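Asker: Encoded as structure tokens, here's the structure I'll be asking about.
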Amino acid sequence: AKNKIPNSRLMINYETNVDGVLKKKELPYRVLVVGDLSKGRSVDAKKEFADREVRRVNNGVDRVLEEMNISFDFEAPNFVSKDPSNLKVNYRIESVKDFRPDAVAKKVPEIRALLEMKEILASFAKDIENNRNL
Amino acid sequence: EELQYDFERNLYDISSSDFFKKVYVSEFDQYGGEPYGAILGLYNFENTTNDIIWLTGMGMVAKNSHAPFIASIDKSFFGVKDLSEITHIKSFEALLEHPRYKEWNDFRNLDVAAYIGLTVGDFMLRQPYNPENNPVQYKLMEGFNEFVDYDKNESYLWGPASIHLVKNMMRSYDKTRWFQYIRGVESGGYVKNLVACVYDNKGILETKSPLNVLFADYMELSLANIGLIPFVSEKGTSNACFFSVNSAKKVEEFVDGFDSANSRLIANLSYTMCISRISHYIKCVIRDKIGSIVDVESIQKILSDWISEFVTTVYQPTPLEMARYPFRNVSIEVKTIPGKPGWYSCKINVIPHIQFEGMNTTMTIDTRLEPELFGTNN
Amino acid sequence: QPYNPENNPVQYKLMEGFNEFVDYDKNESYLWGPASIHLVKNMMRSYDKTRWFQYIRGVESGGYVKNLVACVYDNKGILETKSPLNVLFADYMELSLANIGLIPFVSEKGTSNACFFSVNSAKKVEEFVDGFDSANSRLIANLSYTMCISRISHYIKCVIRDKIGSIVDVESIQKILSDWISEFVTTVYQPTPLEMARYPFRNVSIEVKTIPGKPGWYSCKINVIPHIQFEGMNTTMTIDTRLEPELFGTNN
Amino acid sequence: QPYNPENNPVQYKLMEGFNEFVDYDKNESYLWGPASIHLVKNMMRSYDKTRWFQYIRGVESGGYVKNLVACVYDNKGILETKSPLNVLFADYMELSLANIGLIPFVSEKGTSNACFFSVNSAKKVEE
């Protein structure tokens, strides 16, 4: 209250106010990198250069990537499935291990058809049945 | 291209450059903004008269934003279609005298070029896929590890040395604090454990050096004069090291010894990285006391009391324990100007700890050192 | 801050469920207020703490304005914060406004705070050839001083009114008026800004003198030089290699 | 410099192969420009650095003109260089022109550079 309490004969108050200049936390040595990553295929890449929010990679290159919608619909020679039409690789990059010749066969729908058989066909127990023993 | 068009359109008006407005006036200039440090160009720059502007512009930014722009140069620079065939050139010093590099020699004279740092050589960043070597990690049932690729001579993915260069500047910051720790073997650039390659054509797994090109000794030097950063490899060791870390700035020569030494330190990138870190101190920290009443004798206090903990003459054991101290000695003569009462004008000058760079040596059998054995009197 | 349930919920009643209550806004149109408030609300602060108006500029010294009413919203991402200030002035904006005679209320990006770097009046700054004249116009345009010089007028036409009939002289008025202001003039600098902003002025002259005709009338003429604030500076770094010739000189 | 593939290659496009592209010249007829340019382009230099125009004469002082567009060509030998300047003035040419009221743009043989020794007007010198 600004009105202020009436002063007694022995007014004790206890000062709790402290002045001083606030501190400043250190600056992380930032490193900017500039290169054609998306080739023109990302949320921040498809936008005009006047407004491209720079990333940070707080987490890692695995998640800062997935943050960008990096997909691609490029054609490729077909050697799987029936009917015409060249194989159309179409899936968005999540991690950096996506270019691994393995995560590809898991992503591309057509190739996965052959990998699906290798789970069932190759798992034929011609060792449990052949091993009859009376 | 989106930057080619940018600088080439705003070369004579950089302050309006879109990129410049996303590094200088955006994070470095603004209050609460966090400034950048050492940009990394993932591109490869040729001797073209277009890509020359690209550097002229990016350097125009770096120069002001105080952020050494590191990049790489294509094999098309030396006018050769295979970078490995650069070893055949005797001295690049005599090369640049060729009138094909006229445009380039002009750029090396610009002030902005003292922030560009171009690297030569490209490290192998992925080993091609073999079953016995670097097998694709298949799934828990889908047999895939038996899977080959198709390559032979030299065409299976590369990456510019500039990465490891910057990736050492980072290292030379978490460990030390400044950028002395990015040169030489014992000191900075060592780059341990690179992705080599091995292959069985007919012999018995003939290894393939991780680096694009196997620079010799005088190559390490004969490049430093051109204003390039060679990423030289140790044969077989599957490692590297940066001996030279020079900017594209011309080294000159001069008659007066002092002047000659000036140009030798300015061309040196590692210092302009450090001197830059002082700019990130001034335009960053002194902003706090922008309204406080201060004097010529007070600003010389705040600015000096800081840098004082980073200047020595004595040498500490080991390189790391000494690279804590980049500078040797510093002067800071600020002084008020007439007219503007609250304004000042500083002028610092730093002498960094000069690095080793080489030496000649003449051995000889004197037989005059100990005359007691060869003298007449006996 | 506009009304969301998860952000700034309306304090409902002890039974009437109301906290679940939204508002309707998006881009930039949900209540504003002029920076002038915090400006004055710092002059008040620069009076209860100190006593004069040096403490209204810069970060470390005056205008800091801690804890502002920011805003957050979940459109599709994850609560993308909204800076408390209307406009995110850059560095050269802080200055390029001070010359126009404006007071920019610049923000620290993300910090949810502000600060007044410039506190200039709308008075033209001029330039002039003579250095002194050029400096005059630089201090007069500065608002923070005219706030202080004004506080002397509130001393004269306020206190000396008491001795309006008392017998006094040219040498007596120069006493009363000086003996006061003397406690607010120094040259030495105190540690910290606050402990020094107690002293606004640097030095003062007070040459009063009686006029002919009117016997009981006088005519004063004071002149105050306030502690000139920091305002900026250029700096040229360079590798001299001439400072220590013992390492680069010929003689070795 | 005229256009050769091995020397001064035309900067082709990112797919349109063009760098393999020659021109047609031999003796002395492939674009020139008057020395007056470098002369004035030194007066400019002798103003940003200094402030007056003493710095436009001699080697050590003014006119040096570093790094000129020379030319090289492989007729039958091994890239026989071509001096950047039209004419290779000797020493007494530098002087015997200054008296006529001319400004010779003399070259240093091989160095691919120049310098203005004389900077005289066309005014008669008398005696």
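Each chain in the structure tokens gets a letter, A, B and so on, in the order shown; residues start at 1 in every chain, and ligands are counted from 1 in the order they appear.
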Give me the residues within 7 Å of region 43-55 of chain C as a PDB file with N, CA, C and O atoms, in the first residue's frame, counting only C-alpha atoms and dropping any in the same chain fewer than 3 places off.
Answerer:
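Output contents, as saved in out.pdb:
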```pdb
ATOM      1  N   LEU C  39       8.234   3.706 -21.197  1.00  0.00           N
ATOM      2  CA  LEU C  39       9.205   4.776 -21.201  1.00  0.00           C
ATOM      3  C   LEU C  39       9.020   5.635 -19.956  1.00  0.00           C
ATOM      4  O   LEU C  39       9.971   5.887 -19.218  1.00  0.00           O
ATOM      5  N   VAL C  40       7.787   6.068 -19.716  1.00  0.00           N
ATOM      6  CA  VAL C  40       7.476   6.873 -18.541  1.00  0.00           C
ATOM      7  C   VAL C  40       7.577   6.004 -17.294  1.00  0.00           C
ATOM      8  O   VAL C  40       8.067   6.447 -16.256  1.00  0.00           O
ATOM      9  N   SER C  61      22.289   0.144 -17.761  1.00  0.00           N
ATOM     10  CA  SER C  61      21.840   1.315 -17.010  1.00  0.00           C
ATOM     11  C   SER C  61      20.318   1.333 -16.859  1.00  0.00           C
ATOM     12  O   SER C  61      19.765   0.658 -15.989  1.00  0.00           O
ATOM     13  N   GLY C  62      19.644   2.094 -17.716  1.00  0.00           N
ATOM     14  CA  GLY C  62      18.219   2.323 -17.574  1.00  0.00           C
ATOM     15  C   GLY C  62      17.341   1.289 -18.246  1.00  0.00           C
ATOM     16  O   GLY C  62      17.258   0.144 -17.801  1.00  0.00           O
ATOM     17  N   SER C 144      16.812  12.848 -22.184  1.00  0.00           N
ATOM     18  CA  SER C 144      17.142  12.509 -20.803  1.00  0.00           C
ATOM     19  C   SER C 144      17.741  13.682 -20.029  1.00  0.00           C
ATOM     20  O   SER C 144      17.587  13.767 -18.813  1.00  0.00           O
ATOM     21  N   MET C 147      15.071  16.406 -19.261  1.00  0.00           N
ATOM     22  CA  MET C 147      14.291  15.929 -18.132  1.00  0.00           C
ATOM     23  C   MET C 147      14.944  16.411 -16.847  1.00  0.00           C
ATOM     24  O   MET C 147      14.263  16.780 -15.891  1.00  0.00           O
ATOM     25  N   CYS C 148      16.276  16.405 -16.836  1.00  0.00           N
ATOM     26  CA  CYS C 148      17.042  16.786 -15.656  1.00  0.00           C
ATOM     27  C   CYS C 148      17.111  18.290 -15.503  1.00  0.00           C
ATOM     28  O   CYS C 148      16.896  18.825 -14.417  1.00  0.00           O
ATOM     29  N   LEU C 194      24.105   2.590 -11.341  1.00  0.00           N
ATOM     30  CA  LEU C 194      23.142   3.183 -10.428  1.00  0.00           C
ATOM     31  C   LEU C 194      23.833   4.082  -9.407  1.00  0.00           C
ATOM     32  O   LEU C 194      23.377   5.191  -9.132  1.00  0.00           O
ATOM     33  N   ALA C 197      24.687   7.263 -11.289  1.00  0.00           N
ATOM     34  CA  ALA C 197      23.583   8.037 -11.860  1.00  0.00           C
ATOM     35  C   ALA C 197      22.938   8.943 -10.814  1.00  0.00           C
ATOM     36  O   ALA C 197      22.096   9.773 -11.148  1.00  0.00           O
ATOM     37  N   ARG C 198      23.330   8.781  -9.552  1.00  0.00           N
ATOM     38  CA  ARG C 198      22.947   9.725  -8.505  1.00  0.00           C
ATOM     39  C   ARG C 198      23.411  11.117  -8.918  1.00  0.00           C
ATOM     40  O   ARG C 198      22.768  12.117  -8.604  1.00  0.00           O
ATOM     41  N   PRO C 200      23.816  13.363 -11.928  1.00  0.00           N
ATOM     42  CA  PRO C 200      23.558  13.590 -13.352  1.00  0.00           C
ATOM     43  C   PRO C 200      24.582  14.516 -13.997  1.00  0.00           C
ATOM     44  O   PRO C 200      25.153  14.171 -15.031  1.00  0.00           O
TER      45      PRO C 200
END
```
Asker: Write down as a list in words the residues of chain A whose backbone DSSP state falls under alpha helix (DSSP H).
Answerer: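 Selection result, alpha helix (DSSP H) within chain A: residues 63, 64, 65, 66, 103, 104, 105, 106, 107, 112, 113, 114, 115, 116, 117, 118, 119 and 120 of chain A.
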Asker: Residues of chain B within 8 Å of chain A, using only C-alpha atoms, as a ChimeraX atom specification?
Answerer: /B:2,18-19,34-43,136-139,141-144
Asker: Compile the residues of chain A that lie within 12 Å of chain C, evaluated using only C-alpha atoms, and express the compilation as a PyMOL selection string.
Answerer: chain A and resi 17-25+67
Asker: Restricting the output to N, CA, C and O atoms, write the selected residues as a JSON list (two decimals), in the first residue's frame.
Answerer:
```json
[["chain", "number", "residue", "atom", "x", "y", "z"],
["A", 17, "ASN", "N", 15.63, -5.60, -0.75],
["A", 17, "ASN", "CA", 15.87, -5.17, -2.12],
["A", 17, "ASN", "C", 17.35, -5.25, -2.46],
["A", 17, "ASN", "O", 18.20, -4.90, -1.65],
["A", 18, "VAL", "N", 17.64, -5.72, -3.67],
["A", 18, "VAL", "CA", 19.02, -5.87, -4.12],
["A", 18, "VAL", "C", 19.16, -5.36, -5.55],
["A", 18, "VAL", "O", 18.43, -5.78, -6.44],
["A", 19, "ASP", "N", 20.12, -4.46, -5.75],
["A", 19, "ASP", "CA", 20.42, -3.95, -7.09],
["A", 19, "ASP", "C", 21.67, -4.63, -7.64],
["A", 19, "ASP", "O", 22.46, -5.20, -6.89],
["A", 20, "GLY", "N", 21.82, -4.56, -8.95],
["A", 20, "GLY", "CA", 22.97, -5.14, -9.62],
["A", 20, "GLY", "C", 22.66, -5.41, -11.07],
["A", 20, "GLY", "O", 21.50, -5.43, -11.48],
["A", 21, "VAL", "N", 23.71, -5.64, -11.86],
["A", 21, "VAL", "CA", 23.56, -5.84, -13.29],
["A", 21, "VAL", "C", 23.46, -7.33, -13.60],
["A", 21, "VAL", "O", 24.31, -8.12, -13.19],
["A", 22, "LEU", "N", 22.41, -7.70, -14.32],
["A", 22, "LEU", "CA", 22.13, -9.10, -14.60],
["A", 22, "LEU", "C", 23.22, -9.74, -15.43],
["A", 22, "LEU", "O", 24.00, -9.05, -16.09],
["A", 23, "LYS", "N", 23.27, -11.06, -15.39],
["A", 23, "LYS", "CA", 24.31, -11.81, -16.07],
["A", 23, "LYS", "C", 23.91, -12.13, -17.50],
["A", 23, "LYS", "O", 22.75, -11.95, -17.89],
["A", 24, "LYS", "N", 24.87, -12.62, -18.27],
["A", 24, "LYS", "CA", 24.64, -13.03, -19.65],
["A", 24, "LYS", "C", 25.23, -14.41, -19.90],
["A", 24, "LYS", "O", 26.42, -14.65, -19.68],
["A", 25, "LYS", "N", 24.38, -15.33, -20.36],
["A", 25, "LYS", "CA", 24.80, -16.68, -20.68],
["A", 25, "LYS", "C", 25.66, -16.68, -21.93],
["A", 25, "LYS", "O", 25.46, -15.86, -22.83],
["A", 67, "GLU", "N", 12.17, -33.51, -40.22],
["A", 67, "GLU", "CA", 11.43, -32.27, -40.05],
["A", 67, "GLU", "C", 11.14, -31.64, -41.41],
["A", 67, "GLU", "O", 10.14, -30.94, -41.58]]
```
Asker: Would you mind telling me which residue in B:72, B:134, B:180, B:87 lies nearest to residue 228 (chain B) when using only C-alpha atoms?
Answerer: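 With only C-alpha atoms as the atom set, the closest residue is B:72.
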Asker: Give me, as a VMD selection string, all polymer residues having an atom no more than 7 Å from residue 117 (chain B), counting only C-alpha atoms and skipping those fewer than 5 positions away in the same chain.
Answerer: chain B and resid 69 to 71 228 to 229 246 to 248 269
Asker: Quick one: pick out all strand (DSSP E) residues within region 32-109 of chain D from a backbone DSSP run and write them as a PyMOL selection string.
Answerer: chain D and resi 71-73+80-82+106-108
Asker: Between A:127, A:15, A:26, A:98, which one has atoms that come closest to residue 66 (chain A), using only C-alpha atoms?
Answerer: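 Smallest separation from residue 66 (chain A) among the options: A:98.
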Asker: Could you list, as an MDAnalysis selection string, every residue of chain B that has an atom within 8 Å of an atom of chain C, counting only C-alpha atoms?
Answerer: chainID B and resid 25:26 29:33 257:259 261:262 265:266 275 287:294 338:351
Asker: Could you list the residues in chain D lying within 12 Å of chain B, using only C-alpha atoms, and format the result as a PDB file with N, CA and C atoms, in the first residue's frame?
Answerer:
```pdb
ATOM      1  N   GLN D   1      41.432 -12.088 -73.882  1.00  0.00           N
ATOM      2  CA  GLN D   1      42.137 -13.228 -74.420  1.00  0.00           C
ATOM      3  C   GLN D   1      41.197 -13.997 -75.341  1.00  0.00           C
ATOM      4  N   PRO D   2      41.648 -14.313 -76.565  1.00  0.00           N
ATOM      5  CA  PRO D   2      40.798 -15.079 -77.485  1.00  0.00           C
ATOM      6  C   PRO D   2      40.444 -16.451 -76.915  1.00  0.00           C
ATOM      7  N   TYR D   3      39.439 -17.113 -77.482  1.00  0.00           N
ATOM      8  CA  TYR D   3      38.862 -18.303 -76.859  1.00  0.00           C
ATOM      9  C   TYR D   3      39.465 -19.615 -77.349  1.00  0.00           C
ATOM     10  N   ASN D   4      40.196 -20.281 -76.456  1.00  0.00           N
ATOM     11  CA  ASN D   4      40.694 -21.629 -76.698  1.00  0.00           C
ATOM     12  C   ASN D   4      40.119 -22.568 -75.647  1.00  0.00           C
ATOM     13  N   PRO D   5      40.158 -23.878 -75.909  1.00  0.00           N
ATOM     14  CA  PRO D   5      39.644 -24.823 -74.917  1.00  0.00           C
ATOM     15  C   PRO D   5      40.620 -25.001 -73.764  1.00  0.00           C
ATOM     16  N   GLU D   6      41.908 -25.094 -74.086  1.00  0.00           N
ATOM     17  CA  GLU D   6      42.947 -25.277 -73.079  1.00  0.00           C
ATOM     18  C   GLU D   6      43.351 -23.940 -72.457  1.00  0.00           C
ATOM     19  N   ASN D   7      43.033 -22.848 -73.150  1.00  0.00           N
ATOM     20  CA  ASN D   7      43.321 -21.504 -72.659  1.00  0.00           C
ATOM     21  C   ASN D   7      42.100 -20.601 -72.753  1.00  0.00           C
ATOM     22  N   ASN D   8      41.668 -20.081 -71.610  1.00  0.00           N
ATOM     23  CA  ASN D   8      40.503 -19.203 -71.553  1.00  0.00           C
ATOM     24  C   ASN D   8      39.276 -19.878 -72.159  1.00  0.00           C
ATOM     25  N   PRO D   9      38.841 -20.992 -71.553  1.00  0.00           N
ATOM     26  CA  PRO D   9      37.668 -21.730 -72.032  1.00  0.00           C
ATOM     27  C   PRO D   9      36.366 -21.009 -71.717  1.00  0.00           C
ATOM     28  N   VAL D  10      35.464 -20.950 -72.691  1.00  0.00           N
ATOM     29  CA  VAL D  10      34.170 -20.318 -72.482  1.00  0.00           C
ATOM     30  C   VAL D  10      33.408 -21.075 -71.407  1.00  0.00           C
ATOM     31  N   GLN D  11      32.986 -20.354 -70.378  1.00  0.00           N
ATOM     32  CA  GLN D  11      32.274 -20.971 -69.274  1.00  0.00           C
ATOM     33  C   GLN D  11      30.920 -21.466 -69.761  1.00  0.00           C
ATOM     34  N   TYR D  12      30.860 -22.752 -70.091  1.00  0.00           N
ATOM     35  CA  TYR D  12      29.639 -23.354 -70.612  1.00  0.00           C
ATOM     36  C   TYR D  12      28.578 -23.443 -69.526  1.00  0.00           C
ATOM     37  N   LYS D  13      27.464 -24.088 -69.857  1.00  0.00           N
ATOM     38  CA  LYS D  13      26.356 -24.253 -68.922  1.00  0.00           C
ATOM     39  C   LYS D  13      26.455 -25.585 -68.174  1.00  0.00           C
ATOM     40  N   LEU D  14      25.541 -25.812 -67.232  1.00  0.00           N
ATOM     41  CA  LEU D  14      25.620 -26.973 -66.342  1.00  0.00           C
ATOM     42  C   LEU D  14      25.286 -28.297 -67.038  1.00  0.00           C
ATOM     43  N   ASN D  19      32.427 -25.764 -73.498  1.00  0.00           N
ATOM     44  CA  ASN D  19      33.813 -25.417 -73.185  1.00  0.00           C
ATOM     45  C   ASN D  19      34.776 -25.779 -74.313  1.00  0.00           C
ATOM     46  N   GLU D  60      58.044   2.456 -58.535  1.00  0.00           N
ATOM     47  CA  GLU D  60      57.966   2.424 -57.088  1.00  0.00           C
ATOM     48  C   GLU D  60      56.841   3.318 -56.585  1.00  0.00           C
ATOM     49  N   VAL D  65      50.438  -0.778 -62.691  1.00  0.00           N
ATOM     50  CA  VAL D  65      49.429  -1.563 -63.406  1.00  0.00           C
ATOM     51  C   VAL D  65      49.731  -3.056 -63.338  1.00  0.00           C
ATOM     52  N   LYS D  66      49.349  -3.667 -62.227  1.00  0.00           N
ATOM     53  CA  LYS D  66      49.678  -5.056 -61.967  1.00  0.00           C
ATOM     54  C   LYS D  66      48.673  -5.990 -62.633  1.00  0.00           C
ATOM     55  N   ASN D  67      49.175  -7.106 -63.159  1.00  0.00           N
ATOM     56  CA  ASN D  67      48.332  -8.186 -63.665  1.00  0.00           C
ATOM     57  C   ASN D  67      47.495  -7.778 -64.875  1.00  0.00           C
ATOM     58  N   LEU D  68      48.079  -7.900 -66.066  1.00  0.00           N
ATOM     59  CA  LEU D  68      47.370  -7.597 -67.309  1.00  0.00           C
ATOM     60  C   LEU D  68      46.960  -8.854 -68.056  1.00  0.00           C
ATOM     61  N   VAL D  69      46.010  -8.703 -68.970  1.00  0.00           N
ATOM     62  CA  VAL D  69      45.495  -9.837 -69.723  1.00  0.00           C
ATOM     63  C   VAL D  69      46.421 -10.170 -70.884  1.00  0.00           C
ATOM     64  N   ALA D  70      47.394 -11.032 -70.619  1.00  0.00           N
ATOM     65  CA  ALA D  70      48.321 -11.479 -71.648  1.00  0.00           C
ATOM     66  C   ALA D  70      47.627 -12.462 -72.583  1.00  0.00           C
ATOM     67  N   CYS D  71      48.418 -13.226 -73.327  1.00  0.00           N
ATOM     68  CA  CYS D  71      47.878 -14.252 -74.204  1.00  0.00           C
ATOM     69  C   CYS D  71      48.932 -15.303 -74.512  1.00  0.00           C
ATOM     70  N   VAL D  72      48.487 -16.547 -74.639  1.00  0.00           N
ATOM     71  CA  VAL D  72      49.367 -17.664 -74.958  1.00  0.00           C
ATOM     72  C   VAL D  72      48.753 -18.490 -76.078  1.00  0.00           C
ATOM     73  N   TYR D  73      49.601 -19.107 -76.891  1.00  0.00           N
ATOM     74  CA  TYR D  73      49.120 -19.891 -78.018  1.00  0.00           C
ATOM     75  C   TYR D  73      50.120 -20.957 -78.436  1.00  0.00           C
ATOM     76  N   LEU D  79      53.396 -23.373 -76.281  1.00  0.00           N
ATOM     77  CA  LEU D  79      52.726 -22.230 -75.660  1.00  0.00           C
ATOM     78  C   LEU D  79      53.636 -21.006 -75.577  1.00  0.00           C
ATOM     79  N   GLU D  80      53.874 -20.382 -76.726  1.00  0.00           N
ATOM     80  CA  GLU D  80      54.700 -19.185 -76.798  1.00  0.00           C
ATOM     81  C   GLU D  80      53.879 -17.973 -76.366  1.00  0.00           C
ATOM     82  N   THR D  81      54.221 -17.400 -75.215  1.00  0.00           N
ATOM     83  CA  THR D  81      53.436 -16.308 -74.646  1.00  0.00           C
ATOM     84  C   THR D  81      53.448 -15.069 -75.539  1.00  0.00           C
ATOM     85  N   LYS D  82      52.415 -14.243 -75.396  1.00  0.00           N
ATOM     86  CA  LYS D  82      52.269 -13.018 -76.177  1.00  0.00           C
ATOM     87  C   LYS D  82      52.167 -11.838 -75.221  1.00  0.00           C
ATOM     88  N   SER D  83      53.082 -10.881 -75.356  1.00  0.00           N
ATOM     89  CA  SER D  83      53.142  -9.745 -74.439  1.00  0.00           C
ATOM     90  C   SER D  83      51.815  -8.981 -74.432  1.00  0.00           C
ATOM     91  N   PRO D  84      51.357  -8.561 -73.241  1.00  0.00           N
ATOM     92  CA  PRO D  84      50.035  -7.940 -73.098  1.00  0.00           C
ATOM     93  C   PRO D  84      49.932  -6.613 -73.834  1.00  0.00           C
ATOM     94  N   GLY D 110      57.978  -9.910 -70.624  1.00  0.00           N
ATOM     95  CA  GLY D 110      57.680 -11.178 -69.982  1.00  0.00           C
ATOM     96  C   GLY D 110      56.910 -11.032 -68.681  1.00  0.00           C
ATOM     97  N   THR D 111      57.210  -9.975 -67.931  1.00  0.00           N
ATOM     98  CA  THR D 111      56.622  -9.774 -66.608  1.00  0.00           C
ATOM     99  C   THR D 111      55.098  -9.645 -66.662  1.00  0.00           C
ATOM    100  N   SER D 112      54.560  -9.440 -67.862  1.00  0.00           N
ATOM    101  CA  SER D 112      53.121  -9.284 -68.055  1.00  0.00           C
ATOM    102  C   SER D 112      52.593  -8.082 -67.269  1.00  0.00           C
ATOM    103  N   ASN D 113      53.396  -7.020 -67.216  1.00  0.00           N
ATOM    104  CA  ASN D 113      53.036  -5.785 -66.520  1.00  0.00           C
ATOM    105  C   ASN D 113      53.462  -4.551 -67.303  1.00  0.00           C
TER     106      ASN D 113
END
```
